[PDB]
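Accompanying notes for the structure given below.
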Ligand SMILES: *[C@@H]1O[C@H](CO)[C@@H](O)[C@H](O)[C@H]1NC(C)=O
Ligand SMILES: *[C@@H]1O[C@H](CO)[C@@H](O)[C@H](O)[C@H]1NC(C)=O
Ligand SMILES: *[C@@H]1O[C@H](CO)[C@@H](O)[C@H](O)[C@H]1NC(C)=O
Ligand SMILES: *[C@@H]1O[C@H](CO)[C@@H](O)[C@H](O)[C@H]1NC(C)=O
Ligand SMILES: *[C@@H]1O[C@H](CO)[C@@H](O)[C@H](O)[C@H]1NC(C)=O
Ligand SMILES: *[C@@H]1O[C@H](CO)[C@@H](O)[C@H](O)[C@H]1NC(C)=O
Ligand SMILES: *[C@@H]1O[C@H](CO)[C@@H](O)[C@H](O)[C@H]1NC(C)=O
Ligand SMILES: *[C@@H]1O[C@H](CO)[C@@H](O)[C@H](O)[C@H]1NC(C)=O
Ligand SMILES: *[C@@H]1O[C@H](CO)[C@@H](O)[C@H](O)[C@H]1NC(C)=O
Ligand SMILES: *[C@@H]1O[C@H](CO)[C@@H](O)[C@H](O)[C@H]1NC(C)=O
Ligand SMILES: *[C@@H]1O[C@H](CO)[C@@H](O)[C@H](O)[C@H]1NC(C)=O
Ligand SMILES: *[C@@H]1O[C@H](CO)[C@@H](O)[C@H](O)[C@H]1NC(C)=O
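Protein chains in written order, with the authors' numbering: chain D, 3 to 9, 11 to 27, 27A to 27C, 28 to 95, 95A to 95B, 96 to 106, 106A; chain N, 3 to 9, 11 to 27, 27A to 27C, 28 to 95, 95A to 95B, 96 to 106, 106A; chain M, 3 to 9, 11 to 27, 27A to 27C, 28 to 95, 95A to 95B, 96 to 106, 106A; chain I, 520 to 546, 572 to 664; chain B, 520 to 546, 572 to 664; chain G, 520 to 546, 572 to 664; chain C, 1 to 52, 52A, 53 to 82, 82A to 82C, 83 to 100, 100A to 100H, 101 to 111; chain K, 1 to 52, 52A, 53 to 82, 82A to 82C, 83 to 100, 100A to 100H, 101 to 111; chain J, 1 to 52, 52A, 53 to 82, 82A to 82C, 83 to 100, 100A to 100H, 101 to 111.
Dropping the structure here:
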């Protein structure tokens, strides 16, 4: 599994980041680190695909990057409505296809 | 290895069964579960081959079947002369070819 | 790793042997057991290659052989100048290529 | 036995002489035309083998199951108690069905191989 | 669709009909010469496929990267929005470069295979 | 170097130019007969390669050991100090023995492959 | 416009079996790879299975490799997942998703794109 | 009418070797696969090795894979098994058996059919 | 007459990287396979990596398989080894050596022949 903080927080109008870490054989070896936003009671929806790409229809407040064996999601302009558990996932190989991390609870003050 | 009871018994004229159990990758995955009767002091001889087939020359009192991840041998019309250790065996794969269970001692009252 | 004595000794003019042991999958399976002489402060140099062959330029006092799952280096006519750590090595396979033993300290009395 | 020496032998005996006869498929305008036609027939059979996924092979296994209606005989009465001429006659009505299935099977496998090579 | 039926279809649709057309490459001195020439052309194409390491294959993958200058299009506009005739015209100036690279790639791989078979 | 350019080079140097010459094996009744014969010779050599288990290959390794009597030379004096013409002359008396062994070796391996594919 | 709706049973006893299915609409079903992902009630997301756009290639996590079967019917625009044995550790909400793979002639995915409503399976 | 008679040595010291053999009669030797099975004095049966009808393919249990060699001579109707190292755990009665494999063109076996008298090997 | 001279850096901090190189002379560089062997200050010799005479095939010990890259330039008669991560256990004198492999058309090696001066790498 991938490691993520259990909780992230900040005040409206501020930016926050959610980290995702793994090892050199999975998150560091392939540039396919996606992020999903799961609102309580709802199915997850795609927020980020590829390391830096955003799906059409998703606001430009969500961005991300990777370095070394880690990656992160940056949420600029945090809003009161961003109440969700964020998950990272990455392609690992032809034997193990996808690895997910734990959810990070975003609390907006 | 396969698991079999250490001992089975009954009176002449009664039927008895000997169970054989394994896992889903061996006895449950291939329908090749044979049974052998080893009289004390003698080499084993074939009693059942395939899941339900009998060799020619063997009495029709010996039959068997499988279900799920288990199989059994049924001896109908038990005779006083059926003094032997019965073994089950099964084909497991192209790496491990055959797996045998422990012997079941048949005591006829 | 291969096992060698930590120390070998003898007087000038005497012969000594240095053993090398392993298992049936490496030193016993391929006849490629080489020996190196590492003088203190110097890089190792080749003394024996193949099981029984000597490099050109190396004195004929150094010889060796193998039997079973072991091999040895024999130094005949031991001289006061043979101050070095001797190592054995062998080809193991296409996954693990070379295995070295520990050095044997040769003390000349 | 030599060329066609196994013709009267059983299928499981004649299957061991495939190289003897394979080597004899290649070894005056009408005679030149006959030679060109022999070459064309050789190449057409090699093309069929290639399409089915059998290149440098005399015996190749496939993924098309036997449908029983083609022949519901036991293996013990085909390979041990029958010749290739009798077998060829027995299934002469089905050779254009089996070949079609073989082509389709390779087409699926070849595409599957490509997809398995696109996974990073 | 039949022979050349997919000619007007996209590259990713026409790629599924390779056997239909492959089977139609083999199927009076001037006519005999025409037949011999057709055989020679078939064998030359098979030789090129063999040199590149593609024997009994209609679709084979290689280790030559696409150099972009040959064509800088997206996959979504080649396989889904283009025909094979348009593609053939688009890269007609580069077919003698790519083939050369393919031959060199196989030459390196074949030698590498030999070396991997000489390790005890 | 071009076609036959490596003819005077050592065996281990000339072994890297196999594609140069392979591509030159394919590239008026008497002339048409000559063309048909050239095709037949090409196909016979390809058939021999196929029988031995070498299809789309220019260099292929086998399971037939060298028997020494054929040639008891070191590798260092064959690949580094000899040409292919000299080697061909040296073993011209044994080429019909080695080929026979190669055919037998493939026949055993092919059957063994079939048996390994019949284990559930 | 893409709608993925999961159906199937709920609570079963250990040792039983369940066949789940997914109805897809709003896109060409045969043009995308499909997969199943599960979330235990108190955990994060876990990938369970992947099937390509033609149904010929299937992949599973080792923990279900010998127990779950994934299949699809491109004419009915329907997926199904048949689970055998049904262990206590398999209690989760299962989601139908579009993405996770491509077919060499299409651009790469390696991400899940469309997610369904989800269905809860308990043991 | 099928007779399988094992021969070979008895007690050896650890680190030695033994060559066991089996004489077959009453059937066509070359038409059947052959195998060796062993039974420790206080245990059940354990499969040790399998050789096909032509002698080209051999299989072993991992515990003997690098120590035992199985071979057959179809002209002499004779099997042999050469054991090296000879560990304490190898004490058993060894049996010669006909069956355990087929050759693609014959019906399936996957069972042992004819059993020999057996021979006791100790270390 | 064969001279193998190692160059490169010395002490780095954990998590850094180093590129070592070896200049060869006195023999035809392209005719021999090359390898790197290391010796910890208090230990014996350990093989680290092997590259063939053409540079196409590389082999590593598992402990460095995902961290070290070996390459050669046959026109410059130069080897290089690029180490990433640089763990505490990688402190050793690294030696450049000629031998360890052959190319099918040459006689067998399976031994290291010529050794360089050596260079000490610390973390
Ligand atoms: C012809 O048939 C007999 C049996 O009737 C058989 O023994 C013999 O080997 C057969 N000949 C060939 C060439 O198969
Ligand atoms: C076998 O052949 C019959 C008649 O052609 C056909 O109806 C049947 O579907 C075939 N079997 C299979 C499994 O397709
Ligand atoms: C074919 O096999 C069956 C067993 O399924 C058997 O009953 C039948 O007699 C066999 N027929 C022949 C000709 O061997
Ligand atoms: C093939 O079909 C015809 C009828 O069209 C039938 O008379 C003939 O016997 C069939 N061939 C075989 C081998 O059954
Ligand atoms: C021709 O083009 C149309 C779209 O304009 C497409 O629907 C049709 O399938 C094409 N025909 C073929 C044979 O590809
Ligand atoms: C791509 O083609 C150009 C022009 O032929 C060439 O200069 C360039 O080096 C090529 N790319 C590669 C990676 O070789
Ligand atoms: C090709 O892909 C790029 C993304 O790298 C995209 O921006 C561009 O619009 C695509 N072009 C077409 C024709 O699909
Ligand atoms: C090939 O090169 C010529 C110039 O020599 C150019 O006119 C032509 O358009 C090129 N072909 C393509 C497909 O670009
Ligand atoms: C011819 O031989 C000389 C050595 O005498 C060698 O240097 C040269 O490369 C050879 N030429 C060819 C084409 O092999
Ligand atoms: C080598 O050739 C000789 C003469 O033909 C032959 O007697 C000998 O048996 C051959 N070697 C082997 C291993 O067969
Ligand atoms: C061949 O190798 C042997 C070593 O076994 C050596 O003694 C002999 O001199 C070599 N001959 C040549 C021509 O290299
Ligand atoms: C081949 O054999 C003949 C004798 O029949 C002999 O004169 C000739 O030299 C041999 N060829 C070679 C290359 O030794």
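The C-beta atom is built at its ideal place from N, Cα and C for all residues, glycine as well.
Residue 520 of chain B beta carbon near ligand 5 (any heavy atom closer than 8 Å) = Residue mapping note: residue 520 of chain B aligns to position 1 of the fifth chain, counting from 1. Residue 520 of chain B Cβ: within cutoff of ligand 5.
List the residues of chain I that residue 9 of chain C touches, going by C-beta distances under 7 Å, in chain order.
-> What you label residue 9 of chain C is simply residue 9 of the seventh chain in a count that begins at 1. Contact annotation for residue 9 of chain C against chain I: no contact, minimum CB-CB distance about 32 Å [criterion: below 7 Å].
Counting contacts by CB-CB distance shorter than 9 Å, is residue 32 of chain J in contact with chain M?
-> Along the ninth chain, one-based indexing puts residue 32 of chain J at 32. For residue 32 of chain J, the answer is no, since every Cβ of chain M falls outside 9 Å of its Cβ.
Do the region 21 to 32 of chain K and the region 1 to 10 of chain K make contact, defined as three or more Cβ pairs closer than 8 Å?
-> Contact between the region 21 to 32 of chain K and the region 1 to 10 of chain K is present, because at least three Cβ pairs lie under 8 Å.
Would you please verify whether the beta carbon of residue 100B of chain J is less than 9 Å from any beta carbon of chain G?
-> Here residue 100B of chain J refers to the residue found at position 106 when the ninth chain is read from its first residue. For residue 100B of chain J, the answer is yes, since a Cβ of chain G falls inside 9 Å of its Cβ.
Which residues share a DSSP beta bridge with residue 9 of chain N?
-> Position 7 of the second chain holds residue 9 of chain N. Looking at the DSSP assignment, residue 9 of chain N forms a beta bridge with N/103.
Is the closest heavy atom of ligand 4 to the C-beta of residue 641 of chain I under 8 Å?
-> Numbered from its first residue, the fourth chain carries residue 641 of chain I at position 97. In this structure, residue 641 of chain I has its CB at a distance of at least 8 Å from all heavy atoms of ligand 4.
Compute every distance between the C-beta of residue 529 of chain I and the non-hydrogen atoms of ligand 1, then say whether any falls below 8 Å.
-> As a working note, residue 529 of chain I is residue 10 in the fourth chain. Under cutoff, so the answer is yes.
State yes or no: is the C-beta of residue 611 of chain G nearer than 8 Å to some heavy atom of ligand 10?
-> As a working note, residue 611 of chain G is residue 67 in the sixth chain. Yes, the Cβ of residue 611 of chain G comes within 8 Å of a heavy atom of ligand 10.
Cα separation between residue 68 of chain D and residue 651 of chain B?
-> For the purposes of this step, residue 68 of chain D is taken as the residue at position 68 of the first chain. For the purposes of this step, residue 651 of chain B is taken as the residue at position 107 of the fifth chain. Between residue 68 of chain D and residue 651 of chain B, the C-alpha separation is close to 36 Å.
For residue 98 of chain J, verify whether its CB is less than 8 Å away from any heavy atom of ligand 11.
-> Residue mapping note: residue 98 of chain J aligns to position 102 of the ninth chain, counting from 1. No, ligand 11 has no heavy atom inside 8 Å of this Cβ.
CA-CA distance, residue 539 of chain G and residue 643 of chain I?
-> As a working mapping, residue 539 of chain G is identified with position 20 in the sixth chain. As a working mapping, residue 643 of chain I is identified with position 99 in the fourth chain. C-alpha separation (whole angstroms): 37 Å.
Bounding residues of the alpha helix (DSSP H) (the contiguous stretch that carries residue 588 of chain I) | Here residue 588 of chain I refers to the residue found at position 44 when the fourth chain is read from its first residue. Looking at the DSSP string, the run of the alpha helix (DSSP H) that includes residue 588 of chain I is 573 to 595.
Under 9 Å, do residue 24 of chain N and residue 70 of chain N count as touching if we go by C-beta distance?
-> Sequence index remark: in the second chain, residue 24 of chain N carries index 21 (1-based). Sequence index remark: in the second chain, residue 70 of chain N carries index 70 (1-based). Yes, the pair counts as a contact, with Cβ atoms nearer than the cut-off.
Which bits of chain J does residue 619 of chain G rub up against, with CB to CB less than 7 Å?
-> Within the sixth chain, the letter at position 75 stands for residue 619 of chain G. Under the 7 Å cutoff, chain J gives 100A, 100B and 100C.
Note down the Cα distance separating residue 80 of chain D from residue 106 of chain D, rounded to an integer number of angstroms.
-> Along the first chain, one-based indexing puts residue 80 of chain D at 80. Along the first chain, one-based indexing puts residue 106 of chain D at 108. Take the alpha-carbon of residue 80 of chain D and the one of residue 106 of chain D: they are about 6 Å apart.
Would the C-beta of residue 633 of chain I count as close to ligand 4, meaning under 8 Å from any of its heavy atoms?
-> The residue labelled residue 633 of chain I in the question sits at position 89 within the fourth chain. Yes, since a heavy atom of ligand 4 falls inside the 8 Å radius drawn around the Cβ of residue 633 of chain I.
Interface flag, residue 53 of chain K vs chain G, CB-CB below 9 Å | The sequence position of residue 53 of chain K within the eighth chain is 54, counting from 1. It does: the Cβ of residue 53 of chain K has a partner Cβ on chain G nearer than 9 Å.
In the structure shown, what three-state DSSP assignment does residue 52 of chain D receive?
-> For the purposes of this step, residue 52 of chain D is taken as the residue at position 52 of the first chain. Under the three-state reduction of DSSP output, residue 52 of chain D falls in the coil class, being neither helix nor strand.
Say the cut is 8 Å; is the CB of residue 620 of chain G nearer than that to a heavy atom of ligand 11?
-> Against the sixth chain, residue 620 of chain G aligns to sequence position 76. Taking the Cβ of residue 620 of chain G as the reference point, at least one heavy atom of ligand 11 falls within a distance shorter than 8 Å.
For residue 100E of chain K, count neighbouring C-beta atoms within 10 Å of its own C-beta (all shown protein chains included) and say buried if the count is 16 or more, exposed if not.
-> Stepping through the eighth chain from its first residue, residue 100E of chain K is reached at position 109. Residue 100E of chain K should be labelled buried.
Just tell me which of J/68, J/55 and J/100H has its CA closest to the CA of residue 46 of chain M.
-> Counting from one through the third chain, the residue named residue 46 of chain M turns up at place 46. Taking only the C-alpha atoms, the option nearest residue 46 of chain M is J/100H.
Using the rule of at least 16 other Cβ atoms within 10 Å of the residue's Cβ for burial, across every protein chain shown, is residue 52 of chain J buried or exposed?
-> Here the question's residue 52 of chain J lines up with position 52 in the ninth chain. Buried.
Cross-chain neighbours of residue 656 of chain I in chain C, by beta carbon under 7 Å = Your numbering for residue 656 of chain I matches position 112 in the fourth chain. Identification of chain C residues near residue 656 of chain I by a Cβ-Cβ cut-off of 7 Å yields 55 and 56, ordered along the chain.
Looking at the C-beta of residue 649 of chain B, does it have a partner C-beta in chain G at a distance below 9 Å?
-> Within the fifth chain, the letter at position 105 stands for residue 649 of chain B. No, no contact with chain G.
Cut-off 7 Å between Cβ atoms - residues of its own chain near residue 110 of chain J, not counting five sequence neighbours on either side | Residue numbering aside, residue 110 of chain J sits at position 122 when the ninth chain is read from its first letter. Counting only Cβ-Cβ distances below 7 Å, and skipping sequence neighbours, we find 10, 11 and 87.
Please state if the CB of residue 72 of chain D and the CB of residue 66 of chain D are separated by a distance shorter than 9 Å.
-> Walking along the first chain from the start, residue 66 of chain D turns up at place 66. Walking along the first chain from the start, residue 72 of chain D turns up at place 72. Less than 9 Å divides the Cβ of residue 66 of chain D from the Cβ of residue 72 of chain D.
Under 8 Å from any heavy atom of ligand 9, does the C-beta of residue 33 of chain C make it?
-> Stepping through the seventh chain from its first residue, residue 33 of chain C is reached at position 33. Residue 33 of chain C Cβ: outside cutoff for every heavy atom of ligand 9.
Might you give, ordered along the chain, the residues of its own chain that have their beta carbon closer than 7 Å to the beta carbon of residue 634 of chain G, omitting 5 neighbours on each side?
-> If you number the sixth chain from 1, residue 634 of chain G lands on position 90. These residues qualify, in order along the chain: 615.
Is there a Cβ from chain B that is less than 9 Å from the Cβ of residue 608 of chain I?
-> By one-based count along the fourth chain, residue 608 of chain I stands at place 64. No - not a single Cβ of chain B is within 9 Å of the one on residue 608 of chain I.
At a CB-CB cut-off below 8 Å, which residues of chain I make contact with residue 98 of chain C?
-> Counting from 1 along the seventh chain, the entry for residue 98 of chain C is found at position 102. Those are 662, listed as they occur along chain I.
Within 9 Å, strictly: CB atoms of residue 96 of chain N and residue 35 of chain N | As a working note, residue 96 of chain N is residue 98 in the second chain. As a working note, residue 35 of chain N is residue 35 in the second chain. Residue 35 of chain N is positioned such that its CB atom lies no closer than 9 Å to that of residue 96 of chain N.
Touching or not, the region 65 to 76 of chain K and the region 26 to 46 of chain K, by the rule of three or more beta carbon pairs under 8 Å?
-> As far as the Cβ criterion goes, the region 65 to 76 of chain K touches the region 26 to 46 of chain K, which means the pair count is three or higher.
Within its chain, find whatever has a CB closer than 6 Å to the CB of residue 95 of chain J; leave out the 5 residues flanking it on each side and keep chain order.
-> Along the ninth chain, one-based indexing puts residue 95 of chain J at 99. The answer, listed in chain order, is 100E, 100G, 100H and 101.
Would a C-beta distance cut-off of 9 Å place residue 33 of chain D and residue 88 of chain D closer than the cut-off?
-> If you number the first chain from 1, residue 33 of chain D lands on position 33. If you number the first chain from 1, residue 88 of chain D lands on position 88. Between residue 33 of chain D and residue 88 of chain D, the C-beta spacing is below 9 Å.
Please name the residue in J/105, J/22, J/100C and J/63 whose C-alpha comes closest to that of residue 84 of chain J.
-> Counting from one through the ninth chain, the residue named residue 84 of chain J turns up at place 88. Nearest option by C-alpha distance: J/63.
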